[PDB]
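Have a look at the structure below before the remarks.
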Amino acid sequence: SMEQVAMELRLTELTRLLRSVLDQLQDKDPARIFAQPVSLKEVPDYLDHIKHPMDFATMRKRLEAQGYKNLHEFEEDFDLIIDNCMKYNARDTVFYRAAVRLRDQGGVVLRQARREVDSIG
């Protein structure tokens with residue numbers, strides 16, 4: 001149906017906007033601490049601690065399959081990146097600190113992304 005196509009075009013345009021958002025958030029991680037999944041070879045207990053691991057490569061795979069239906073879903077995954085790190089790692093670590101700085105810097109990007117999502121529809 002034409003209605004189905006129109007909905008598909010809206011999801012495509014959302015995907016474009018989310019890709020730009022993703023790029024901007026990942027620029028706020030110049031150390032590439034959040035770029036890839038925590039390796040279970042290197043941190044074998046990780047899944048005892050963290051029940052829903054997340055990282056930027058995993059988000060990018062979801063995104064390119066148009067797997068984010070709205071901005072809330074994308075933000076949920078971004079928050080997992082931060083929140084998982086802040087639980088597993090202590091306050092005195094480069095990991096935790098990186099997460100805090102990513103959260104603080106990413107909030108600015110996401111604030112305007114929400115306005116754009118609402119504005120364009």
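Going by the structure tokens order, chains are called A, B, ..., each with residues numbered from 1, while ligands are numbered from 1 in the order shown.
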
Can you build me a table of stretch 51-109 of chain A residues sitting at most 8 Å from stretch 9-31 of chain A, with the closest atom pair per residue and its distance in Å to one decimal, using only C-alpha atoms, sorted by chain and residue number, as a Markdown table?
```
| residue | atom | partner | partner_atom | distance |
| --- | --- | --- | --- | --- |
| A:56 | CA | A:26 | CA | 7.3 |
| A:60 | CA | A:22 | CA | 7.8 |
| A:63 | CA | A:15 | CA | 6.5 |
| A:64 | CA | A:15 | CA | 7.6 |
| A:66 | CA | A:15 | CA | 6.2 |
| A:68 | CA | A:15 | CA | 7.4 |
| A:69 | CA | A:11 | CA | 6.7 |
| A:70 | CA | A:14 | CA | 7.5 |
| A:71 | CA | A:18 | CA | 7.7 |
| A:74 | CA | A:18 | CA | 7.8 |
| A:98 | CA | A:29 | CA | 7.4 |
| A:101 | CA | A:28 | CA | 7.9 |
| A:102 | CA | A:28 | CA | 5.8 |
| A:105 | CA | A:28 | CA | 6.7 |
| A:106 | CA | A:25 | CA | 5.6 |
| A:109 | CA | A:21 | CA | 7.0 |
```

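Relative to atom CA of residue A:120, atom CA of residue A:4 is found at 18.8 Å.
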
- Query: Which residues come within 12 Å of residue A:55, counting only C-alpha atoms, excluding same-chain residues fewer than 6 positions away, as a list in words?
  - Reply: residues 22, 25, 26, 29, 32, 33, 34, 35, 36, 37, 38, 39, 61, 62, 74, 76, 77, 78, 79, 80, 81, 82, 83, 84, 85 and 99 of chain A

Output C-alpha atoms for every residue in that selection, as a compact mmCIF listing (two decimals), in the first residue's frame.
```
# COMPACT_ATOMS: atom_id res chain seq x y z
CA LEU A 22 25.23 8.37 16.50
CA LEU A 25 27.84 10.89 20.15
CA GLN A 26 30.67 8.64 19.18
CA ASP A 29 34.40 9.07 22.90
CA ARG A 32 37.07 4.48 21.72
CA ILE A 33 36.18 3.05 25.12
CA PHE A 34 32.60 2.40 24.00
CA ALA A 35 33.27 1.45 20.38
CA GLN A 36 33.00 -2.30 20.64
CA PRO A 37 31.37 -4.93 22.89
CA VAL A 38 33.10 -5.84 26.14
CA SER A 39 35.02 -9.03 25.19
CA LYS A 61 24.23 -2.67 13.32
CA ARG A 62 20.69 -2.12 14.66
CA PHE A 74 17.89 4.68 20.42
CA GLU A 76 17.60 3.46 25.66
CA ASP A 77 20.59 1.78 23.98
CA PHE A 78 22.82 4.85 24.51
CA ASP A 79 21.90 4.95 28.16
CA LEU A 80 22.83 1.25 28.49
CA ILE A 81 26.34 2.05 27.24
CA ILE A 82 26.77 4.64 30.01
CA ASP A 83 24.88 2.94 32.79
CA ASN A 84 26.51 -0.49 32.30
CA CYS A 85 29.98 1.16 32.50
CA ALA A 99 31.13 7.42 30.69
```

- Report as an MDAnalysis selection string: the residues of chain A with a DSSP assignment of alpha helix (DSSP H), based on the backbone of this structure. chainID A and resid 2:27 46:49 56:64 71:88 94:120

- Query: Quick one: of A:47, A:75, A:65, A:87, who's nearest to residue A:107, counting only C-alpha atoms?
  - Reply: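 Closest candidate: A:75.
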